[PDB]
Amino acid sequence: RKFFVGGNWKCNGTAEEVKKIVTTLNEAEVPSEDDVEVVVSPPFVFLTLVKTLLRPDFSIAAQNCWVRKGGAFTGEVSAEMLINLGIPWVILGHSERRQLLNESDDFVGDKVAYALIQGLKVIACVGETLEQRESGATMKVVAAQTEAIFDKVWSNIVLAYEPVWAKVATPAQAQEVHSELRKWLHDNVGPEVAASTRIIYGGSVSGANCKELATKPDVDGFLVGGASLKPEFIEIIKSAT
Amino acid sequence: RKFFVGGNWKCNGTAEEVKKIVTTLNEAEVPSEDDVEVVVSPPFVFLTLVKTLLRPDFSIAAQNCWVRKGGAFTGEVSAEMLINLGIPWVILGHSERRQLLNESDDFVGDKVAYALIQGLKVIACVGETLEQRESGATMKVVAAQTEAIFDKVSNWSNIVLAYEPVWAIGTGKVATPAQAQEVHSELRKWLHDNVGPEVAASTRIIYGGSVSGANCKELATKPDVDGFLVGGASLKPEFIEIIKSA
Ligand SMILES: [Cl-]
Ligand SMILES: [Cl-]
Ligand SMILES: [Cl-]
């Protein structure tokens, strides 16, 4: 499995700040496209700006898209719009959309299937809350979330586990969930999907905590949050080696 | 009250189609900025393209923004982000978001309040469902949606209210001039009696929902109809004829 590092800018950025991030990414030296796959994800309104300024060996993701074809959906952005604009990736089911915008398991599932059929590659996010983990329902929740995406879809998916519950989150806890998610793919979709699908870790990843996580056998990379806005995003990319 | 024509492109557009729409608008002969205030609303991903291409005497609106300041809200676009990109307007509370994305009356009001304090001008959408009209509930519903917006701010100068009955959205069924005039005048009375006479006198109330070049002239003649919010026709040359109903 090729190491995968995605940077989720979330709802952040001005034109000025975007320019400095992109110039910093453009001047960094990282492993080759055969050793790490790098995706950066700006807000909708900056996607074309980053696309025309960023080095082409990094790819761009949108942070969301609509559940079906375009039309009378004020405020929404369709997969075909992103494809028309040369954006190859999309993040779907991020915990903040599941929690704050009330995206259901099946809604996310329908979104993933529709982006995939149109030709987007998808970082599909799953993750359990603090209360869900305290109750012992980590795997049941994460399995139900992944199942809703599988019920509807495999080559062009990266799975991202978000420890929404985190609190200290250990590499061993990451490996437990990643290995349990891969076994779920093995048992429900097929061993080839399990062996080939990248499962990346999305828990407060920083230059300072990434190395021990990246050595875990079933962690295939990272979905980076706040550090994706910072120069240390480059150190996280270099943990691929 | 200056006549006001907004065009909502919804979830529509390609780079080629957007350039063609803007070129059609750039070549149009329409009344002056003293006679009519024109706003066009592309999807997020085209906002900066349209800002560069569009004749500067028309203005641009986003189709939504987040309810508060930015941060950890994946997928959302903040009001300050729009101000940073030079986008002066936003459409908020569109029926497609109230219904399909479950934006509550107070959620829309909180979004309006935040967009206003960050400097945006707001087209705030209200309107009753088919069942609500058929039960005789129209102005109770519209007044309640309006109250939930207006009771969240202390300055209402940059609000344009768009009345779009849900049963007129996409259906080919437009309100009659009499039906629109009834809602717009009764709504303006509500502002007069619950907010203030000056706000009632100055707040543009525009009609949306199946507006066309063929029906816009008679609607525009009604005294409390201050303009239009235009859906599918905003993608067409027909949008120019609606602007000209000013
Ligand atoms: Cl009625
Ligand atoms: Cl319509
Ligand atoms: Cl509309």
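Any value given below was found using the heavy atoms of this structure, including those in side chains, with hydrogens, waters and symmetry copies removed. Throughout, protein chains are lettered first and strands after them, A, B, ... in sequence-line order, and every chain is numbered starting at 1.
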Response to the item:
Only one of A:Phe3, A:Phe4, A:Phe233 passes side-chain contact (heavy atoms from CB on, under 4.5 Å) with A:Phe222, and that residue is A:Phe3

Fill in: A:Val177 vs A:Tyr201 side-chain heavy atoms within contact, under 4.5 Å
no

Discussion item. If you compare all heavy atoms of A:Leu213 against all heavy atoms of A:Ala174, which two are closest, and at what distance to 0.1 Å?
Written reply: CD2-CB, 3.9 Å

Worksheet item: Does any non-hydrogen side-chain atom of A:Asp220 lie less than 4.5 Å from one of A:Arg182?
Response: yes

Discussion item. Do A:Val40 and A:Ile60 make a side-chain contact, defined as non-hydrogen atoms from C-beta onward lying under 4.5 Å apart?
Written reply: yes

Worksheet entry | Reported CG-to-CH2 distance for the pair A:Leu100 and B:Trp66, which is rounded to 0.5 angstrom | 5.5 Å

Fill in: Minimum-distance pair of heavy atoms, taken over all atoms of B:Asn12 and B:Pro43
O-CG, 3.3 Å

Item to complete: Working to the nearest 0.5 Å, report the span between OG of B:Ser41 and CZ of B:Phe46.
Response: 12.5 Å

Worksheet item: Do you know the tightest heavy-atom contact between A:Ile123 and A:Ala160?
Response: CG2-CB, 4.0 Å

Item to complete: Give, for atom CG of A:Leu185 and atom OG1 of A:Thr197, the distance between the pair rounded to the nearest 0.5 Å.
Response: 5.5 Å

Worksheet entry | Euclidean distance, A:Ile234 CD1 relative to A:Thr24 OG1, rounded to 0.5 Å | 8.0 Å

Fill in: Salt-bridge present (A:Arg98, A:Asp105; N to O < 4.0 Å)
yes

Worksheet entry | Residues that B:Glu147 engages under side chain to side chain contact (heavy atoms under 4.5 Å, CB included), provided they are two or more places apart | B:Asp151, B:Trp190

Worksheet, complete the sentence: The side chain to side chain contact (heavy atoms under 4.5 Å, CB included) partners of B:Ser104 (sequence neighbours excluded) come to B:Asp106, B:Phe107

Worksheet item: Got A:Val205 and A:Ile236 here, is their nearest side-chain heavy-atom distance under 4.5 Å?
Response: yes

Worksheet item: Given A:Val30 and A:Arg55, is the side chain to side chain contact (heavy atoms under 4.5 Å, CB included) satisfied, shown in steps?
Response: CA-CA 12 Å; A:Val30 296; A:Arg55 56 195 289 169; 4.0 Å; yes

Discussion item. Contact between A:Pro163 and A:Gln173 at the side-chain level, heavy atoms closer than 4.5 Å - yes or no?
Written reply: no

Worksheet item: At their closest point, which heavy atom of A:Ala79 faces which heavy atom of A:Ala115, and how far apart are they?
Response: CB-CA, 4.2 Å

Worksheet entry | Within-4.5 Å side-chain heavy-atom neighbours: B:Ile206 and B:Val160 | yes

Worksheet item: Do you know which of A:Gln63, A:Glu96, A:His94 makes side chain to side chain donor-acceptor pair (under 3.5 Å) with A:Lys10?
Response: A:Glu96

Worksheet entry | Min side-chain heavy-atom separation B:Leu120-B:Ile83 under 4.5 Å | yes

Worksheet item: Is it the case that A:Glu80 and A:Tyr114 place a side-chain donor and acceptor less than 3.5 Å from each other?
Response: yes

Response to the item:
Heavy-atom nearest pair, B:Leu47 first then B:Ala61, reads CD2-O, 3.7 Å

Worksheet entry | Distance-minimising heavy-atom pair for B:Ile149 and B:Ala124 | CD1-CB, 4.1 Å

Practice prompt. Using the test side-chain hydrogen bond (donor to acceptor under 3.5 Å, both in side chains), find all partners of B:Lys111 that sit at least two apart in sequence or belong to another chain.
Written response: B:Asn64, B:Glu103

Practice prompt. Decide yes or no on side chain to side chain contact (heavy atoms under 4.5 Å, CB included) for A:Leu85 and A:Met81, but give the supporting numbers first.
Written response: CA-CA 6 Å; A:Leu85 293 177; A:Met81 247 175 242; 5.5 Å; no

Item to complete: For side chain to side chain contact (heavy atoms under 4.5 Å, CB included), just list the numbers for A:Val18 and A:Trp9, CA-CA rounded to whole Å, side-chain angles, deciding distance to a tenth of an Å, and then say yes or no.
Response: CA-CA 10 Å; A:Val18 170; A:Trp9 299 7; 3.9 Å; yes

Practice prompt. Taking the side chain as every heavy atom from C-beta outward, state whether A:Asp218 and A:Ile199 have any pair of such atoms under 4.5 Å apart.
Written response: no

Discussion item. For the residue pair A:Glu128 / A:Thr138, report whether a side-chain donor-acceptor contact shorter than 3.5 Å exists.
Written reply: yes

Worksheet entry | Nearest-0.5 Å distance that lies between atom CD in A:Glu212 and atom CD in A:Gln175 | 14.0 Å

Worksheet entry | NZ on A:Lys183 to CG on A:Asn188, rounded to 0.5 Å | 9.5 Å

